[PDB]
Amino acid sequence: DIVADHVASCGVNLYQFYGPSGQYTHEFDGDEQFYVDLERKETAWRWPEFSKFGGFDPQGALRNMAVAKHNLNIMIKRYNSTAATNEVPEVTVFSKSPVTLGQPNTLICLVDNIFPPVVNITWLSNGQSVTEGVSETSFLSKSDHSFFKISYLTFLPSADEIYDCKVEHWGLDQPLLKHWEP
């Protein structure tokens, strides 16, 4: 690798045949500075605090995606149509801060070693899917060109809570349920 005090990705351009779909983000020291909503054609911030560190003009990202789609078709033929290897992701679930009964917390589900970047991350409360209070990062890049993604669930800790993070991925024979143990 390259030794350096700080690394920025300006940007991470992802484009995949499946979908097809693209993703445009800038990263700094491994965290997501901003993304571009490719459908609305608008720069956006998962973490709005970081919008005070400059905007971004989105047409450059959309031009990149057009070229990325073009380049991908070329590389698929260069590599005689060799599809992506489905890696086995690695899932871990933890809380943002120490758990205190009745004090709002955040459950964090880290899905690491993701490739290809095609994944379903869902939260289960007492074995049932939960949509309220859920958010997630973009596919965040790694120097081995795999990805990780993190999902969040805000919740009020209780004595008989039952939470799982459920991950579906072609690298898994069956959906992986990772139980949260306080």
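The first residue of the shown sequence is 1; numbering continues from there.
Peer 1: If you average the Cα B factors in the entry, which is higher, 170-178 or 10-18?
Peer 2: Stretch with the greater average CA B-factor: 170-178.
Peer 1: Tell me which stretch, 127-135 or 53-61, has the higher mean Cα B-factor listed in the entry.
Peer 2: Comparing averages over the C-alpha atoms only gives 127-135.
Peer 1: When the CA B-factors of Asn71, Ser97, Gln103, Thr92 are compared as recorded in the entry, which is the largest?
Peer 2: If I rank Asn71, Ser97, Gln103, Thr92 by C-alpha B-factor, first place goes to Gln103.
Peer 1: Comparing against every modelled residue in the chain, figure out the third that the C-alpha B-factor of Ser141 lands in (lowest, middle or highest).
Peer 2: It belongs to the lowest third of the chain when residues are ordered by C-alpha B-factor.
Peer 1: Among the modelled residues of its chain, does the C-alpha B-factor of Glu32 lie in the lowest, middle or highest third?
Peer 2: It falls in the bottom third of the chain.
Peer 1: Within this chain, which third does the Cα B-factor at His26 fall in: lowest, middle or highest?
Peer 2: Ranked within chain, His26 CA B lands in the lowest tercile.
Peer 1: Lowest, middle or highest third: which one holds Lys149 when the chain's residues are ordered by CA B-factor from the entry?
Peer 2: It belongs to the lowest third of the chain when residues are ordered by C-alpha B-factor.
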